[PDB]
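Trainee: Here it is: the structure, laid out below.
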There are 2 protein chains.
Amino acid sequence: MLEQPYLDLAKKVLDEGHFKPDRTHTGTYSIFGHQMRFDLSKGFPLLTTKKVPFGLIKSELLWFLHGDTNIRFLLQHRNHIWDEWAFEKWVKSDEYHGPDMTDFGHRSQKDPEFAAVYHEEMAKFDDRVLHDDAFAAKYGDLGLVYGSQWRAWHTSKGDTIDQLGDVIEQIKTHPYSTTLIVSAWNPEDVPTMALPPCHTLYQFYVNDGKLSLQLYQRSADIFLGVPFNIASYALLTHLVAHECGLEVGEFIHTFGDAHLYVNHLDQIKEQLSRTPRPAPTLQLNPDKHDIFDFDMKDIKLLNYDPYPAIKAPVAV
Amino acid sequence: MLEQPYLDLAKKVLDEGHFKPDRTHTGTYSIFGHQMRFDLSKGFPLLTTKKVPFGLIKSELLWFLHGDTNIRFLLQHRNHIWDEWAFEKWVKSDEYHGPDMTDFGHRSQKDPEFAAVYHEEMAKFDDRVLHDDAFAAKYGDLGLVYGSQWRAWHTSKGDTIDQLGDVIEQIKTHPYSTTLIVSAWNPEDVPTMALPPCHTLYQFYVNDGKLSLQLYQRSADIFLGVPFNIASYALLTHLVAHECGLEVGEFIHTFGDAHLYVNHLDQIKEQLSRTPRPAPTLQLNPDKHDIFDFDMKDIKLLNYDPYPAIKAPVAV
Ligand SMILES: O=c1ccn([C@H]2C[C@H](O)[C@@H](COP(=O)(O)O)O2)c(=O)[nH]1
Ligand SMILES: O=c1ccn([C@H]2C[C@H](O)[C@@H](COP(=O)(O)O)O2)c(=O)[nH]1
Ligand SMILES: [K+]
Ligand SMILES: [K+]
């Protein structure tokens, strides 16, 4: 089936992954270097052996294309994937007069009481961002997230670059260019950042009228992460290809440190006893063509019939 | 935030604007009568939810203050905002021996071939204006543009009036005058003109040592137009106030027909999902005080961090 590459990755890491430590001291089985390709003409690679919320992905990917960097848009679509990073900034803010939220990540996980006080501060934080225009601007703005690196890369001269905007044109004018690249990795920022980009840089390629894309990911969470990562990028391949009026091609996913947190072994094994089903199909608005102006209703998933979801703990 | 007034205008026109036809048959959503104020002590109102080229504005506004009316100055600063109106005159000129450029506006938009021949004639036109002193004088001179109405209004007696020059003095001698007005609207010209002034007339006001300005705009393009219009006039408020040695006040923008071309609906909606960021600041040369003698380097924008630009078609 279409998803086999991922399943094979799970087995490979369970089979020859060596024990390697990580920043959260949770332990992982690692492998360095790996590549799997997906033929998007055979179907959309959204794992059927485990329910993956396409909503969260699409609303987050559009967030990126808009070049946005503020959480307010995500909370507007009930997307909490980036909350923690913003919250962290409100907490260490001198305007913060409330309970000590130092290292809330681990504390909430162990202490069941902190898990309530931490969920109250968050619930109201998301509220301020959502209603207090100024608060939103002040804390809801992450700043150095994918949206601004893709569409507002800062020059030494003082201005900004629309990498993706520019690349999309070179595809229409010079489809055979071996320089259809976008980079989220900037050396003068990386060391200051909390989480330097996992999705380092990607490349587009065009032959026989088909658009293919390769993604270099410096680090990967096999269980929780990869499922979303595969879908974000294969969807992008589709949108970019839609604007350029090209046929869809292949999504090549290359890896640096593909790892598996140890607290996921049972959950990963259980998914492997599952047999993939036929893959779903993507349906994009035929009329509308400016992908940068696309909204939810413009992108729709068809025939997704996934197995029941699989719960697991987040390494923090 | 500072820019909210404009965002509210976009929503209002999307909400209660009735369908009204226009000269370009492109269709617009109109509203008659509206007013928004900007407190310039809170920051410069240059939209952050969309990148707006401050360069084009400043170089065009100085063009006005110099009382100039010839395009050569604009092309000297790579400003093509007024090219079309001059080009039109070269085209219908009997000295014009080249391809039929009748109604180039629509033809270039639809026909992709005309869009190249039209771009060649223009490229060389801008060249003649730029090098052939006589050609410049002959076609590069628009004549009845803001620069001459502001600074060289023609009397029935035969001479000329420096409205702005005169008003600037009455501000220094009689700061409390309720007649600090400038008009670009002249009844004996209007019916012959291609595009009668959109920026009809403006008024200055002074209290507590602060200079405020009101602008009456008979017609407005919400998406493409207004962003530039807000910045031109708020910058003027600053310069005039600089010469008169006054504190900056409020910029009141009043409207006649504020409309939205239908081919901008998606682009306008996308901008509304964006959350404004803090506004930039203006920095004017402290030494130099004769605004009429100001040049680019004398006016500088600080901390402008706009969202990525938004492309859209020009109603023609
Ligand atoms: O979409 C995602 C989000 C996160 N991660 C993971 C990679 C790491 O597990 C952790 C970040 O810490 P590093 O191991 O990269 O240093 O987040 C992914 O693989 N994909
Ligand atoms: O800076 C500008 C330039 C142009 N326009 C618009 C107004 C109209 O959309 C068009 C001129 O035709 P009228 O609708 O005014 O007749 O140009 C503005 O609002 N602001
Ligand atoms: K780089
Ligand atoms: K008048």
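Quick note on naming: the chains in the structure tokens go A, B, ... in the order shown, residues restart at 1 in each chain, and ligands are numbered from 1 in order of appearance.
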Please give the complete set of residues from segment 136-311 of chain B that DSSP, run on the backbone, assigns to strand (DSSP E or B), formatted as a PyMOL selection string.

Mentor: chain B and resi 141+153-154+160-161+181-183+199-207+210-221+247-261+281-284+299-302

Trainee: Define the interface residues of chain B facing chain A as those within 8 Å, counting only C-alpha atoms, and report them as a PyMOL selection string.

Mentor: chain B and resi 1+266-267+270+273-278+307-308

Trainee: Give me the residues within 8 Å of residue 28 of chain A as an NGL selection string, counting only C-alpha atoms and dropping any in the same chain fewer than 3 places off.

Mentor: :A and (19-22 or 259-262)

Trainee: Export, as a PDB file, in the first residue's frame, the selected residues with C-alpha atoms.

Mentor:
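To be explicit, this is the file written out as part21.pdb:
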```
ATOM      1  CA  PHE A  19      19.780   3.828  21.997  1.00  0.00           C
ATOM      2  CA  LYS A  20      20.499   7.547  21.851  1.00  0.00           C
ATOM      3  CA  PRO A  21      19.706  10.245  24.442  1.00  0.00           C
ATOM      4  CA  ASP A  22      17.679  13.370  23.717  1.00  0.00           C
ATOM      5  CA  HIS A 259      13.997   8.583  16.299  1.00  0.00           C
ATOM      6  CA  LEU A 260      11.410   6.791  18.399  1.00  0.00           C
ATOM      7  CA  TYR A 261      10.792   7.779  22.018  1.00  0.00           C
ATOM      8  CA  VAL A 262      10.841   4.594  24.141  1.00  0.00           C
TER       9      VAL A 262
END
```

Trainee: Dump as a Markdown table the rows for residues of chain A within 9 Å of ligand 3: closest atom pair and distance in Å with one decimal, only C-alpha atoms and all ligand atoms counted, ordered by chain and rising residue number.

Mentor:
```
| residue | atom | partner | partner_atom_place_in_ligand_line | distance |
| --- | --- | --- | --- | --- |
| A:182 | CA | ligand 3 | 1 (K) | 8.4 |
| A:183 | CA | ligand 3 | 1 (K) | 5.2 |
| A:184 | CA | ligand 3 | 1 (K) | 6.4 |
| A:185 | CA | ligand 3 | 1 (K) | 4.3 |
| A:186 | CA | ligand 3 | 1 (K) | 4.8 |
| A:187 | CA | ligand 3 | 1 (K) | 7.0 |
| A:200 | CA | ligand 3 | 1 (K) | 8.0 |
| A:201 | CA | ligand 3 | 1 (K) | 7.6 |
```

Trainee: Using C-alpha atoms, can you write the selected residues to a file as a PDB file, in the first residue's frame?

Mentor:
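That gives us out_12.pdb:
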```pdb
ATOM      1  CA  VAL A 182      13.378  27.074   0.224  1.00  0.00           C
ATOM      2  CA  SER A 183      15.314  27.184   3.497  1.00  0.00           C
ATOM      3  CA  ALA A 184      14.048  27.641   7.047  1.00  0.00           C
ATOM      4  CA  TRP A 185      17.592  27.412   8.384  1.00  0.00           C
ATOM      5  CA  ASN A 186      19.355  30.641   9.212  1.00  0.00           C
ATOM      6  CA  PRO A 187      22.686  30.477  11.142  1.00  0.00           C
ATOM      7  CA  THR A 200      15.345  22.452   7.445  1.00  0.00           C
ATOM      8  CA  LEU A 201      14.942  22.949   3.695  1.00  0.00           C
TER       9      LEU A 201
END
```

Trainee: Atom CA of residue 180 of chain B and atom CA of residue 240 of chain B are how many Å apart?

Mentor: 12.0 Å

Trainee: Go through chain B residue by residue and, counting only C-alpha atoms and all ligand atoms, keep those with an atom at most 8 Å from ligand 2; for each kept residue give the shortest atom pair and its distance in Å to one decimal, ordered by chain and increasing number, as a tab-separated table.

Mentor:
```
residue	atom	partner	partner_atom_place_in_ligand_line	distance
B:22	CA	ligand 2	14 (O)	6.2
B:23	CA	ligand 2	16 (O)	6.5
B:195	CA	ligand 2	11 (C)	6.6
B:196	CA	ligand 2	15 (O)	7.8
B:198	CA	ligand 2	15 (O)	5.9
B:217	CA	ligand 2	19 (O)	7.7
B:218	CA	ligand 2	15 (O)	6.9
B:219	CA	ligand 2	15 (O)	4.5
B:220	CA	ligand 2	19 (O)	2.9
B:221	CA	ligand 2	19 (O)	3.8
B:222	CA	ligand 2	19 (O)	6.7
B:224	CA	ligand 2	20 (N)	7.3
B:225	CA	ligand 2	20 (N)	3.8
B:226	CA	ligand 2	20 (N)	5.6
B:228	CA	ligand 2	1 (O)	6.0
B:229	CA	ligand 2	1 (O)	5.3
B:257	CA	ligand 2	14 (O)	7.6
B:258	CA	ligand 2	19 (O)	7.5
B:259	CA	ligand 2	9 (O)	7.0
B:260	CA	ligand 2	9 (O)	7.9
B:261	CA	ligand 2	9 (O)	7.8
B:315	CA	ligand 2	9 (O)	7.8
```
